[PDB]
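In: structure, please.
(9 chains)
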Amino acid sequence: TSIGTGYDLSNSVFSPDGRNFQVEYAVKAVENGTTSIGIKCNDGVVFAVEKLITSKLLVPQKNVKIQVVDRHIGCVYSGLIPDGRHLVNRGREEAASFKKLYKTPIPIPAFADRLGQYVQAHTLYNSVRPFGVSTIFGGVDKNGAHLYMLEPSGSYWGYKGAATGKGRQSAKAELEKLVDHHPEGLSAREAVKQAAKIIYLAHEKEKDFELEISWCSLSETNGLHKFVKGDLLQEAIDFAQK
Amino acid sequence: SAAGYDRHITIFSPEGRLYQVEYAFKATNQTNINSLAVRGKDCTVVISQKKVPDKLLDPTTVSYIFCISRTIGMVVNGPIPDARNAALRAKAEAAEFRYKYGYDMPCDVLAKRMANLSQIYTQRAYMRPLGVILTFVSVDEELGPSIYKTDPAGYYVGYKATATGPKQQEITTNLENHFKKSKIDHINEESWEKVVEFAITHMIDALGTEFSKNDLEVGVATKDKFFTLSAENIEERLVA
Amino acid sequence: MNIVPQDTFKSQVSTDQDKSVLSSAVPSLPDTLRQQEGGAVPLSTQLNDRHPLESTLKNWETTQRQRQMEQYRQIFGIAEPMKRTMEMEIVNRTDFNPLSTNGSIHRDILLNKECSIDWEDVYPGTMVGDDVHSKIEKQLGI
Amino acid sequence: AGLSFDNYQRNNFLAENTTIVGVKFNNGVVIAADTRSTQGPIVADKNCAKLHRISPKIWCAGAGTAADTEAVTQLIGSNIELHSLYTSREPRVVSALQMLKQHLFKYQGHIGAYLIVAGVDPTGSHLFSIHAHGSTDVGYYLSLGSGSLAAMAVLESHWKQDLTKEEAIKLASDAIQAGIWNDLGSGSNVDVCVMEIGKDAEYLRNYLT
Amino acid sequence: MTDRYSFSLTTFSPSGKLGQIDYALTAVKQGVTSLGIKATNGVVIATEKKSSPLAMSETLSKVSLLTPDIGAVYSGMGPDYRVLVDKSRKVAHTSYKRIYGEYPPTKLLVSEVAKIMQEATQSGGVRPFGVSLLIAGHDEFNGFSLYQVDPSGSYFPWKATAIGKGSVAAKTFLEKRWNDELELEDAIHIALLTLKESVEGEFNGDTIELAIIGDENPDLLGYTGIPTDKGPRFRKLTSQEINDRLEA
Amino acid sequence: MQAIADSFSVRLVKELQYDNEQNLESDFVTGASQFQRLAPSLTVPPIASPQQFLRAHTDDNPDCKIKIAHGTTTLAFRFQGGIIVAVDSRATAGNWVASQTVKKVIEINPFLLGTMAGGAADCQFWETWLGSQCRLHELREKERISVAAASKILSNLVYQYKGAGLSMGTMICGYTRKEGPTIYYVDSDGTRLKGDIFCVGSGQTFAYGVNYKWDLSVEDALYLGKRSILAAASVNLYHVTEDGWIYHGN
Amino acid sequence: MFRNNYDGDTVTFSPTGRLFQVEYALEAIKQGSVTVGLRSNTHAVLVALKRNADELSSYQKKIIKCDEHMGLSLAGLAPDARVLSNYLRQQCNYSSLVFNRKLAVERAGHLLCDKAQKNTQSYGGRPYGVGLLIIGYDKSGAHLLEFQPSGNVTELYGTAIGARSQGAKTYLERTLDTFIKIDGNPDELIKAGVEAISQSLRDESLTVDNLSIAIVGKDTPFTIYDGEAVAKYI
Amino acid sequence: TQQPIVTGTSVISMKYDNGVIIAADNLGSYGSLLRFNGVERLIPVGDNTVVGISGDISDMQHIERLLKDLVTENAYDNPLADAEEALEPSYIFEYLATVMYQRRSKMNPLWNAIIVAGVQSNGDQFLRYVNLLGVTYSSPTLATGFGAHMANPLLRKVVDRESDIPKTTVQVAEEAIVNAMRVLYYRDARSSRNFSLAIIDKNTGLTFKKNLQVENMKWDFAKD
Amino acid sequence: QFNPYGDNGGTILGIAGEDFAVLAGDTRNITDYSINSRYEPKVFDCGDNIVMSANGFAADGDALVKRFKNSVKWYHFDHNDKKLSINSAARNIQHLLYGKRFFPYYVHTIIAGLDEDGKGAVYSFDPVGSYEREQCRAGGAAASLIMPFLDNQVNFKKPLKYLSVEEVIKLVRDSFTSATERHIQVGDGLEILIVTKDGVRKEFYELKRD
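Out: Numbers count the residues shown, from 1 in each chain, chains lettered A, B, ... in the order given. Below you will find the coordinate block:
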């Protein structure tokens, strides 16, 4: 049963089947968030986000839905906005501390483990609650490109392609098709086009939507996280439409 | 059902039981994964089943086998977040033992230390037990090949060989039959590759299914180091 | 990353620095009767003529623990010291034995002192205010 | 808790108004000492046991502040016994050395104990010197005390790698005897303890009389 | 400031009973049987090493030496017993050995363990321990002694007793088989007979754990040279000795 | 738990020493709580010998020496009409010009007077603090504080800091209905002495010629105090009655 | 009915995945009166409608100055507004004292978000229940920010919060191109704000007692107009 | 702290019409032993600030760590961290002076003398000095240690008042600095022939010159 | 032991007029016999028409002025932007100085402004907070030279009450010129702050630079 009565009113409690229902409810909260996807290309990562069209009163350049943790790490999240902001702040702090200590940018697996330990620590006591966000992050290090997805339980994994939010099922189906049709791999620009296509397919929607695409590629951005400029974004949008 | 304050905290039921501990035990089988551990003449071998049904996952990042110290390896049955928590705790414990007492921590002593921590969790109202089962393996400089296991109840004990998971009964029965036939408590082999092959064959016979190179993880502890085999090593071991 | 304890000296003093023994008649002044120190011990005398090793011995274990936490933060991340501190706080907070002074077993397990003895363990150690109610008031902060 | 600092100011106001050797041999270690105990120039005791037992196969002999030496040895022995019970294993000399070093370093040299520690464990035979401030050193033959120079001269005269048990016992006894004859701090008798690998420790009280 | 306190986990029932202590006693009654018999020249402590067939029996021992002259056994929850044994070994040194230069007598160490167990019932952070302990010892001025300690912290001395799943039948057998002229060997034989009726499966030296408090053992001292240094009186019988006694 | 995380989440603030609340309060970062303490907070050097440090650095070129109160003769005595306090008002001269008359008698409140001796800053600061304490006490108890209580408060305060470096000697004089007129002498050594006649400063022996009887009139008492100060040597006179102190000047 | 079982505190999720205490804290904003903020490339303006308990009472202060270059207006719980305003004053004071810097508006928004997020994930406290509008002028020009006590901050050219703020917000959105280019003429921007806040009036009229204005600019320090100082704007 | 062990001698600096110039040698002494050659004592902060440090080398490295951490924390969650929210010389000096005075008040001082030089965002020159006691001051020419006794008299002949600043070109100021460094190498026993120089100009930005050597030395009249 | 004190010897002078006040100081900052700077002001406007100077160890004086200005900021925040009177400022400075009773600031402090009735007022402080209101006070190295000059020129000789601002400025300039001629530590420049009902005005004059 999805509702565990008598075992869902406090964090860090085991059900008779060995389940933790507060973490599952945080997962339910995550599943109602905006659709976000990540694709791992031959030598980089691409992140794509579907966003709702807001009022014209918002400053166009001060509203970015893709967060930069470090010069080589990109991140998006689905769920509670404040929880995502808190987790991104913690990730930036961890990256800064590692770079100060060991004079090198932090490898993606180490960053993922630190974030996962921090998230898991919030499923241990009844005085806190689990984070209501699922985070797709990635980047490039000396060992290559890495893409990870982290869940409210603290469990994280590396992915060839990841999706989260309301339209997670369609996005996952498209990602599986893309993996099947490209056993050899995929390039950064082709990844951008496919990410635009997947976001458009998943959205298909009340009035309109906008698309944000970011990428980090050794060949394209010299292993740095950058937002997609006007020309490439327009090309991706046109490819997605037709 | 606990039917009381034991629905949340670890206190005695009228029958004299701790339901949260038993529920953590139930949680230990969430991943639906089996692991086996056997001892050679001068090596110890652990083999864990790997299930990656999702095509979008990166298999190289899926592992339940951890390197705790130079000579100690660990296999965990249960969810991966608690597994990583326990792995970091065990690493810190081993390093602190070396700093405080001047020699490397034995496998059994580390198992006892983790069991004492689990006892703390069982007795404290505001601390929950971790829903994992830990299996430490090594080649101790005094005891030779060593396997020890700890559970959420705080109980720990050593084994000639062990199996953990939903299908652990069949594997244990097969191990008991083989040991009764051989009338020894260890595997009579001189190379760890042969012990790895024997453990793979035992797992295949017990589970009744065939395994490829990507369906298993293998860790080997010798008197020098504990190391994890890669895909090529497991593929080489399968061909025999 | 300290080894010998540092920053042990007091930087400011006041007549109401000890909040637990403040006089009810004059709240800005301490209550000498309930202090039970002999009645002739001004606070200023505690600022001079101290044995140089006393501060090092009194803060040694805390300094080693802080260094261990800093090492965990550097190598493992914020979560590991956070969890260690949380466990220690939870254990210390729920222990209230007004008739005993010995530490708990679980605290010793957490501090990795299960089979370790120091002189603090061998040597663990009135007219007014040495009863259960004083400890209750101090514990509850009322 | 711990050692008290009370009456330090009061005591300030009131104020204002031995030969020990250790020798390694091919299958173990030997420790030896003299038996003269003095209080200034007066001989307080002609038969005093200076060899102390940290553990059944780990022994030590000290100099400096006698009370500090005894107290530190007993505290480390209690810790060693508890650790051996906890690990269900024979105690190691390295562990006792680590405990002694860290305890002495904690007190910043204010505990005046200087030790020679010899022992046998499953890893082999070990001999160490320990200073009050916390520094430790390893050696094949060591001397300590006011008669340490004469004993060291004898040890440097007649030490070699291939030493049997009897040769090591004789060499240690000769070093203690030289300290006895040429130093006013020593003189009465020779106590020996032999720790051999795979056997029980042998404590010879008044080996030379 | 509601986190500065935690309400008591052990409270009185309307009938006047502490429920958690009773439930811990119930958990003790569900454990493996352990017994003790006091003789004129020694004390015997016995237990059943109930276990997986692939588990090494020698790795886990339910009989623990507390001092060279004091040992203990338990019935109930193993981890609680392990924690209590570590604490008792430490306390024997902190409170007695480093003060008087001697190991404590049996009754005082029993009192320390009992106080530690009692403090677990006056707590808002922990539940009481779920074990019952049998402690056997010898001391110079009191001779041989055997005590039982309950989860509430109460302790009592016994000529012979048993705890665990088969406590009632074992107590009946001991009542019918105890006299004040019994010898240590007779006590060992009676302990084996009593354990025979309790063990359901294999009854050999690999499923029984026996320990004795008898005469001093110079061979276990580890060194020679001091005539006044008494050897340990606690001794755990090996599997071969148990097999030899069972065959005879 | 998140507070622990913040404590372990990161240097600059540590070097600024602003992670401590006392440092933030002393520099008025978080507000003006520094100016809201009933018991003042006194800074000490974080060393093993603060007393030796202060004694060495105070007993040594510019005008930055600690100002010392006048060693001039002061007299206080009690009679059936109240209390007479007389201070020789000879003013020392320096590189400054006085705006008005300099008072060597501190007016603690409209009913209490104190006399300065030793450190001027210590006397002024602690007698103003004593006035604040007396006002709070009278507000709480709805009755005028007795002279004994105020003198004891000052004595306990100075005793808590005994040996730190404070130097002060004061005479607390007051007339209450219960006690009548009362004079106490309190110094930095912790002594608290009730008395009838006090003469402090240079020439105290000459001024101690006080012709004294408990039947003197107000005018006779004022004349006697003036004459005693003149023999010790203008004079400043204070007459303390149950209704307060009255300043005469002479 | 089922919501009643899962709204006890801030550390409890509903089975559908909702955090109800934070939603209630957000709902607490509409219990306050309407405030409006807008800006151009050179100036930023706040307009507040003040309320009184009765005719014998005074009107509540809705505009609080944080620093010579930054201020805010509040709508919601009074204690939370007091706490947050004091915190922002402390942060600006720290910046000025330690670095001789003027605290950036974006930095203040980030600090407020960090402070507000903590109360929504721990037991013992409650989430803040006041919304804020922050105006300022710094090296990046004029800035207007909207702070929501769930721990959210947005940067806008204009907005309105409080009861019946939808009309003012719609008016501001419709006429964005008008006030977006009112550079160097503070009076026109203030008048646009007054008209916007008048769009949200219900059976009430702006007087010299219930109207409050605030302006910051390039050479204009944060200034608050009350009483007769707003008479010419009515 | 409480005693210097490895030290550097002196730093000199002056203002000219469009910017500032600072210079310091590359030696770390160990008493009378000239132990370490190749110690950089000019720390560039941002694109507009240079900090020169004389005194204890370990404390200098601690200050370098503090400056790097300040630069990193400035860019934390700051989009325009290099365009309009970059650090100013005044901010850096205020932080450093606060640290120096606070550590003086703790009886745990940093044994250094620090000069901050740069150009503010409005084009104004910034040049200020702090030391281990927390004493701060500003002047058109600044120097520490031996330089304060020998370099300042030479530099004040070029820039003696504020009105002289607009009349001084970069070439004249650089020549004066080089001559002062040569004089210091002549008459300072703990000095080195190798030095680094930094020019901060409101038009050309930051120019950092390393491996500069004293040249044109008049070792010729010693023959008789 | 580390010595935390220093000396940056300078000279300051405060004079109270009928409806104005003046606080002047030399701008020379020196160490031993060396010149750190020739224009380093020591007299500051602290807001609310109050001028302050703390002569002696420069770091301590800078810290004291900084603390006073921050406290004034908080006073304006907490009391509806009420104007801080000169006597209240003197009390605050007394508390700030006495807060360091056992680790004192090594400075002598002068403040100046207008009282409640509009008359000029000057307050002088001892290093640990003892303070008094005075008509005129000189402090620093050359006070013993400046004071006799003013005493010869003025009667506290046209009375001080009827002097104008310009005459007081001229007297201060002449006294400082004489002190510069006689004292090695005095020279370079002189800065004067004048407080009247219209606010604070600054004037600067050059002095001998040898």
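In: show me the contacts for the residue positioned nearest the centre of chain H.
Out: Residue closest to the average C-alpha location in chain H (C-alpha atoms, centre = their mean): residue H:52, at 2.8 Å. Counting by C-beta atoms under 8 Å, 6 or more residues apart in numbering or on different chains, residue H:52 makes contact with H:11, H:13, H:22, H:23, H:24, H:41, H:42, H:43, H:114, H:115, H:117, H:144. Where you see a C-beta, it was placed from the backbone N, CA and C, and this is true even at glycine.
In: hmm, the last one is touching residue H:130, no?
Out: Right, the one you point to is residue H:144. No. The pair residue H:144 and residue H:130 fails to qualify as a contact (C-beta atoms under 8 Å) at a distance of 10.4 Å.
In: between these two, which contacts overlap?
Out: Residues touching both residue H:144 and residue H:130 (C-beta under 8 Å, 6+ apart): residue H:113.
In: just to revisit the earlier point, any chance of JSON lines for the contacts of residue H:52, columns secondary structure and neighbour count?
Out: Listed next are these as JSON lines, based on DSSP: H, G, I helix; E, B strand; the rest coil; neighbours: other C-beta atoms under 10 Å in any protein chain shown:
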{"residue": "H:11", "secondary structure": "strand", "neighbour count": "30"}
{"residue": "H:13", "secondary structure": "strand", "neighbour count": "29"}
{"residue": "H:22", "secondary structure": "strand", "neighbour count": "24"}
{"residue": "H:23", "secondary structure": "strand", "neighbour count": "29"}
{"residue": "H:24", "secondary structure": "strand", "neighbour count": "28"}
{"residue": "H:41", "secondary structure": "coil", "neighbour count": "24"}
{"residue": "H:42", "secondary structure": "strand", "neighbour count": "22"}
{"residue": "H:43", "secondary structure": "strand", "neighbour count": "17"}
{"residue": "H:114", "secondary structure": "strand", "neighbour count": "27"}
{"residue": "H:115", "secondary structure": "strand", "neighbour count": "25"}
{"residue": "H:117", "secondary structure": "strand", "neighbour count": "29"}
{"residue": "H:144", "secondary structure": "coil", "neighbour count": "24"}
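In: which one of these is nearest residue E:28?
Out: If you rank the contacts of residue H:52 by distance to residue E:28 using C-beta to C-beta, residue H:43 comes first, at 70.5 Å.
In: grab the nearest non-local neighbour of the closest one.
Out: residue H:51 (4.6 Å; C-beta to C-beta, 6 or more residues apart in numbering or on different chains).
In: phi, psi of the one you found?
Out: Dihedral pair for residue H:51: phi -110, psi 120, per degrees, to the nearest 10.
In: residues near it, how many?
Out: 25 (other C-beta atoms under 10 Å in any protein chain shown).
In: try residue E:193
Out: Count around residue E:193 with other C-beta under 10 Å applied: 12.
In: ranges for the strands of chain B?
Out: In chain B, the strands defined using DSSP state E lie at B:35-39, B:44-49, B:65-67, B:73-77, B:133-140, B:144-150, B:156-158, B:162-164, B:216-221, B:226-228.
In: output the contacting helices and strands for the fifth one.
Out: Strand B:133-140 makes packing contacts with strand B:35-39, strand B:44-49, strand B:73-77, helix B:80-101, helix B:107-123, strand B:144-150, strand B:162-164, strand B:216-221 when contacts are defined by 3 or more C-beta pairs under 8 Å, 6 or more residues apart in numbering or on different chains; DSSP states H and E.
In: hmm, the helix or strand residue F:23 falls within in reach of chain C?
Out: If you go by DSSP states H and E, residue F:23 is part of helix F:21-26. Yes. Counting by C-beta under 8 Å from any C-beta of the partner chain, chain C is contacted by helix F:21-26 at F:22, F:26.
In: which other residues reach that helix?
Out: Residues from elsewhere that reach helix F:21-26, judged by C-beta under 8 Å, 6+ apart: C:11, C:12, F:17, F:18, F:30, F:31, F:33, F:34, F:41, F:43, I:67, I:99.
In: re the thing from before, give me the beta-bridge partners of the residue nearest to the centre of chain H?
Out: For residue H:52, the beta-bridge partners under DSSP bridges are residue H:42, residue H:115.
In: so how far is stretch G:77-91 from its chain's centroid?
Out: Mean-position distance between stretch G:77-91 and its chain equals 12 Å (C-alpha atoms, centre = their mean, to the nearest Å).
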